[PDB]
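Student: Quick one: the structure is below, and I'll ask about it shortly.
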Amino acid sequence: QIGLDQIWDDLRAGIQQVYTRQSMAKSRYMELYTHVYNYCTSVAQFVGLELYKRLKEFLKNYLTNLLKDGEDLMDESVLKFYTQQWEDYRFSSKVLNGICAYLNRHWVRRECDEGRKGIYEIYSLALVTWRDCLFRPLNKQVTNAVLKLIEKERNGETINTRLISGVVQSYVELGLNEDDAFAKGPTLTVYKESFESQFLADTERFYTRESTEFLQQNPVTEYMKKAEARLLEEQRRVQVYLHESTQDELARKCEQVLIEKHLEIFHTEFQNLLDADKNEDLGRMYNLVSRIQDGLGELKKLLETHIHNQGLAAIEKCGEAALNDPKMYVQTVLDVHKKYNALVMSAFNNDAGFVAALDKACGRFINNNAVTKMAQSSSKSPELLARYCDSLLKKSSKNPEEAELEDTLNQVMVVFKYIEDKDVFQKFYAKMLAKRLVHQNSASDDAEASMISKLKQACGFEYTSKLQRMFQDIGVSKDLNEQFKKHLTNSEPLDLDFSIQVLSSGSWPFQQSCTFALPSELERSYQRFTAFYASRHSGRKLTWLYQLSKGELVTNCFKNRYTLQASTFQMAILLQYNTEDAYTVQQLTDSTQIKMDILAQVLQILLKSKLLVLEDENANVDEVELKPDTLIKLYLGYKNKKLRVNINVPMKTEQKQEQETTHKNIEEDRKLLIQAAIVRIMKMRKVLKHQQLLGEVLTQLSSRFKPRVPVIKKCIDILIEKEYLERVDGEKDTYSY
Amino acid sequence: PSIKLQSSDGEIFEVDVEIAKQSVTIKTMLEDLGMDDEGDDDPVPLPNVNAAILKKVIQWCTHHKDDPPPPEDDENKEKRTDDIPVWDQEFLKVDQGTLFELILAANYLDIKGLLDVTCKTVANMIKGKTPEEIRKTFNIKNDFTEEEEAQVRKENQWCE
Amino acid sequence: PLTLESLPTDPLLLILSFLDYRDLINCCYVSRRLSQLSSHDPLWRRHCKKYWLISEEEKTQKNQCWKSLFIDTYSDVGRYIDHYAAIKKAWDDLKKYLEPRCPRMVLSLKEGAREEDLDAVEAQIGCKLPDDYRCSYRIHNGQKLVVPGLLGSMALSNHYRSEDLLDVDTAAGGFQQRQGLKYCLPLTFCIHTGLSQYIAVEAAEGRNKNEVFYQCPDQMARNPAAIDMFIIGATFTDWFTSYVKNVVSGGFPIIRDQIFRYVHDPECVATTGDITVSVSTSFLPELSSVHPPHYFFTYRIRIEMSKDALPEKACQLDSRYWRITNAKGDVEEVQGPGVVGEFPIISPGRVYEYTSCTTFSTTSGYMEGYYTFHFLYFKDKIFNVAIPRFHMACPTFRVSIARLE
Amino acid sequence: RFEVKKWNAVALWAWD
């Protein structure tokens, strides 16, 4: 056994040799370890408390004596002193924890389990003694010095990262809770109590100073660059000389000071930068404001208002010319969408909220713009879209390239997605598809198939079921034409060539033709085809409208031969001219049974082309109001440069008539569909408030056509007069089925 | 590397750096002190061990050079005493004084494995024995006076 | 010249840490120094945290040193130190798991029974109870004779099975001495019925010492001394620990606010389509006997449908099909319309259950088949779910000694 | 003596 006073002199000399680091040898280390070991194993029966008391007193005395050399120092000098003394103290205490390791494992561990909190591991005793003799009196000075060094580093200068990293490492390690040194993770109790709080409350002051000293004398365009640089720079000073847990708090505080405090100046510059379309700075501003959660809400409103206003200005620039030129209008809307879609996809990083604001902006724009207000109806926009879509697929002189045509039809479908009243587009496209398919005016059938498939992908199947039935009816009619040609070759033939395209009455929206006198050869051809038709499949009927059928006649009575193609009405009138030349309008009406208006327009076209003369050529030709007593005489001296000249060109007064007939038909279709929808709704509901009922109808039909409240009141009046949707007894609010 | 350990009597015992690093004291000496290259070949005196016991410690650490680390602690378990390795059982078959000096030198260098197996082998010589058998086996005299013998008899009746 | 006394106080504390409790008790007689070291408080911590499961929180609540905790406990339940750890572990696993599920059973549990009552029971029956049996009743005397019990509750339409752990007084009153069940002591009762799994206190008349067997009365033999058995398991510790492990691990599911005896194997599943058809298993010796072999098995077929099914996919159980296959080789098929007289509809996310009943002359067997189903909305679609190959297992068919003679 | 060579037509198929 060895008493403490017999060994404490040598042990104290050795520990003082450790702290005043003079490059000790391992022999002295093992002599010191034997000195601790030979005392802790000698004979309230566990020796080692006295040695712990002398170690605590020695470390307290050493740190109190060390403090007197650093209390007067300030700024860089006290920080250098603290970091050098902390590194030396930490290393020499890590040595002392190995010297007094036996007391660290078999008395400190023994007396820390049995309560007795207040005695710690010798290393953790050295940190606690550091936390009470050289950290508390040098806390404010050192943290002020490192704050000033951070100020000098932020101001643009270069400063030592080693000193700051040493101070921050000391502040992190000093946070070791003494009561349970066997803790989990790194302890930051001291760190976020004397430095992180002070540094994080001083960075607020320094960035509010840079903000309202740079934003005052520089535009916001440069301030965004400076703010992005500062945010990256404080992402840098968490990994250089700070702790990794200050990253989130520091980035959040820098965002709240640089951005959130001055978000009121970003919005007033958002419109200015959007007007000049500086896409790079828009991307920089979105990348800056997006860090502020819930602050992006005002940017979407400004963006959608600007997109709507810019589109409205573009459509106003189109003016009256866009009404009669569908390509210009659709190209203007498409160009606005293309310009303000890259700005959302590239600058705004294709954000869901921003692309939703773009979609909502054009929805209020394509349906209701200057050209629609000029036509006092929102149906002019999908009608113009349908006209443009018909113009691309029409057989022009220059056929469009198939890849180019597919791309521009996809662009049209992109425009179509924002059309509110898709029903008007459906009806107009159906009629244009009819007028193209019955005349073989389609540029390419695969283009039509692709458009039908894209419409199918866009809006259900009932939207384009009629169109698909029309296309398959065209195919079936082609097969039937081939079969009738084979039958004509087999059976008795017709001198007149015959080529029909039989179409379903359910599809192909058309108008039933007026009464018509069938020519004798045409009567024979009609009877032959009906015989073949009954031979194939009999139990049905055919309407035989001659409004959209043509053919060419040989003018042998003329001075020169002609192969002039003419409509069936015009074919009958020319046959009547062949039978007798002198012929009156009243005779035309009573023999050909054609209605007077359409027959008058036919005669107007015939006089317009100078196909044959009237009873007086010197009278009005293109502006004559023909009367039943007007006589028309065959003119054999008609001259033209070509023989296959077309007289079946459309007349100017019928395009608008078909347009308004389409509007009436789609209005009746709207009425029928909303009647059926409200019937289903009241079948599933059986009682509902009036405004709730109209809201339910609007939400139920919103996927295909947004209804109008006066039309809803008209159809509900029709149904309440029809007892299908009758009123319940004595109520003005609700009713029952 | 090669560290040199000598005894209180003084005998050079060169040990591989990874063999002596099993002992916690030598490992902390070679790690925390930094292993300065100035005079690294100088012997490291261990003035509480003798020559033969240090040689046996080196031999044991050589046999357990590739030994896996211990499985932390088993306080809720019951310290399975019969898991001593067969070589470890054979190596510790020495006299009681030599075994006790090996315990003392195993605690000095803070070796976990050697101290654990020596404590287990000593406990196997105490486990399930009468007190007179324990005293005769360990050559321990009985300093109980009649008053002191009767003093422990009052409590220890709780377990007969 | 070094001895055990001459060793320092620190390695000597490691040597004494490797000793058992008996040796640390015996070390106080060795020497004065070893008397001080043997009374070390952390030394008697692994001796209390393993032999009695007294954790640190119990010490802090009691505010007593570890050695005194060992001595005080050894003066109360010290005769059963070799089994108290397992018994209290089972009791603490049961009384912690059932508290969130069935607090009624926990509140029905009585406090511990004193040694005087157990000695009175020993005097009344004239024999000595098993030491492991006595140790559990020092922790909990059991329950009052009320429904539900603690040892399982099997629900059937015409025969309710629910047993509670009998107290020592009721066990002494119901102690068996008649021929057949000789030297047998019941420790459970049903109140609804008269089933009592007797314990063995002497190995005589063809009985293993400390075995858990059902009643199983003989039906062919008219001699009342001919009583068969159903050996549930080994001695009291094994039986109780097995029951506790089944209850807390999920082997015995908790349904209808009661502990049920449904031995359910998760691998015995034959999910067809999107309907899980996992079937439980149970055995009831009340309607069973070795000769004639009936071996009444029953189980609750739990069926449910996944949420992937459409709301229109509401299949209705048209009929059930049985493929009762005895392990002997006999196969019987039943095409009874519906299950237990019911036509349930399995909605998406709906869980339906229904008990079954069967007899088995053969020791084992399985009843597979299909359950005919038909969607309510989808009239045309008809499908079925295949019953799995779950095996009905029942314990040893030990017969009386007089039955063989 | 006018003569017609090539003629096409369109007819509406209505189900009775």
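Here's how to read the names in the structure tokens: chain A, B, ... by the order shown, residue numbers from 1 in each chain, ligand numbers from 1 in the order shown.
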Output the contact residues of chain C with respect to chain A at a cut-off of 12 Å, based on only C-alpha atoms, as a CSV table (one decimal) with C-alpha atoms, in the first residue's frame.

Tutor:
chain,number,residue,atom,x,y,z
C,5,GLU,CA,-7.5,-11.7,0.7
C,6,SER,CA,-4.3,-9.9,-0.4
C,7,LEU,CA,-5.9,-9.0,-3.8
C,8,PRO,CA,-7.1,-5.4,-4.3
C,9,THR,CA,-10.7,-4.5,-3.7
C,10,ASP,CA,-11.3,-4.0,-7.4
C,11,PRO,CA,-10.4,-7.4,-9.1
C,12,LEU,CA,-11.9,-9.1,-6.1
C,13,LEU,CA,-15.2,-7.4,-6.9
C,14,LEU,CA,-15.0,-8.9,-10.4
C,33,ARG,CA,-12.5,-8.6,4.2
C,36,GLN,CA,-17.3,-6.5,3.4
C,37,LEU,CA,-16.9,-7.2,-0.3
C,39,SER,CA,-22.1,-7.1,0.9
C,40,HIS,CA,-21.4,-4.8,-2.1
C,41,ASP,CA,-24.6,-3.3,-3.4
C,42,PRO,CA,-23.9,-3.6,-7.2
C,43,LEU,CA,-23.0,-7.3,-6.5
C,45,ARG,CA,-28.0,-6.5,-8.8
C,56,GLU,CA,-34.2,-0.6,-11.0
C,60,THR,CA,-36.3,3.2,-6.5
C,65,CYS,CA,-30.6,-1.4,-1.0
C,66,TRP,CA,-30.1,-4.4,-3.4

Student: Show me, as JSON, numbers by chain, the residues that have an atom within 7 Å of residue 370 in chain C when counting only C-alpha atoms, minus same-chain residues fewer than 2 positions from it.

Tutor: {"C": [320, 321, 372, 384, 385, 386, 387]}

Student: Could you tell me which residues of chain A sit within 7 Å of chain D when counting only C-alpha atoms, and give me the result as a VMD selection string?

Tutor: chain A and resid 496 to 505 540 to 545 548 to 557 575 578

Student: Need the shell around residue 372 in chain A: protein/DNA/RNA residues with any atom at most 12 Å away, counting only C-alpha atoms. Skip same-chain ones fewer than 2 positions apart. Format as a PyMOL selection string?

Tutor: chain A and resi 312+315-316+319-320+322-323+329+364-370+374-384

Student: So that I can see what lies close to range 43-50 of chain B, please list as number ranges by chain the residues with an atom at most 7 Å from it, counting only C-alpha atoms and leaving out residues fewer than 5 positions away in the same chain.

Tutor: A: 26-27, 30; B: 4-9, 105

Student: Can you list, as a list in words, every protein, DNA or RNA residue that comes within 10 Å of residue 54 in chain C when you count only C-alpha atoms, leaving out same-chain residues fewer than 4 positions away?

Tutor: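 My list of contacting residues is residues 45, 46, 47, 48, 49, 50, 58, 59, 66, 69, 70, 73 and 85 of chain C.
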
Student: Please, which residues of chain A lie no more than 8 Å from chain B when the count uses only C-alpha atoms, and can they be set out as a list in words?

Tutor: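 Output check: residues 26, 27, 29, 30, 31, 34, 37, 91, 94, 95, 98 and 101 of chain A.
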
Student: Could you find all residues in range 78-188 of chain C that DSSP calls helix (DSSP H, G or I) from the backbone, and write them as a PyMOL selection string?

Tutor: chain C and resi 78-101+103-108+115-125+131-137+168-173

Student: Between CA of residue 356 in chain C and CA of residue 383 in chain C, what is the spacing in Å?

Tutor: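 Pair CA of residue 383 in chain C / CA of residue 356 in chain C returns 21.9 Å.
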
Student: Set the distance at 9 Å and use only C-alpha atoms: which residues neighbour residue 344 in chain A once local chain neighbours fewer than 5 positions away are removed? I'd like the list as a ChimeraX atom specification.

Tutor: /A:283,349-351,354-355,358

Student: Using only C-alpha atoms, I'd like a table of the residues in range 62-94 of chain B that come within 8 Å of range 16-22 of chain C; for each, show the closest atom pair and its distance in Å rounded to one decimal, ordered by chain and ascending number, as JSON lines.

Tutor:
{"residue": "B:78", "atom": "CA", "partner": "C:18", "partner_atom": "CA", "distance": 8.0}
{"residue": "B:79", "atom": "CA", "partner": "C:18", "partner_atom": "CA", "distance": 6.2}
{"residue": "B:81", "atom": "CA", "partner": "C:18", "partner_atom": "CA", "distance": 7.1}

Student: So that I have them on file, write out the residues from the current selection with N, CA and C atoms, as a JSON list (two decimals), in the first residue's frame.

Tutor:
[["chain", "number", "residue", "atom", "x", "y", "z"],
["B", 78, "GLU", "N", -26.21, -14.03, -16.97],
["B", 78, "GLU", "CA", -25.62, -14.62, -15.78],
["B", 78, "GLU", "C", -24.20, -15.10, -16.05],
["B", 79, "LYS", "N", -23.42, -14.25, -16.74],
["B", 79, "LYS", "CA", -21.96, -14.34, -16.83],
["B", 79, "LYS", "C", -21.44, -15.75, -17.03],
["B", 81, "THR", "N", -19.80, -18.80, -17.03],
["B", 81, "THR", "CA", -18.43, -19.00, -16.58],
["B", 81, "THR", "C", -17.73, -20.13, -17.33]]

Student: Write down, as JSON, numbers by chain, each residue of chain B that has any atom within 7 Å of an atom of chain C, counting only C-alpha atoms.

Tutor: {"B": [75, 76, 79, 97, 100, 119, 120, 122, 123, 127, 128, 131, 135, 138, 142, 143, 144, 158]}
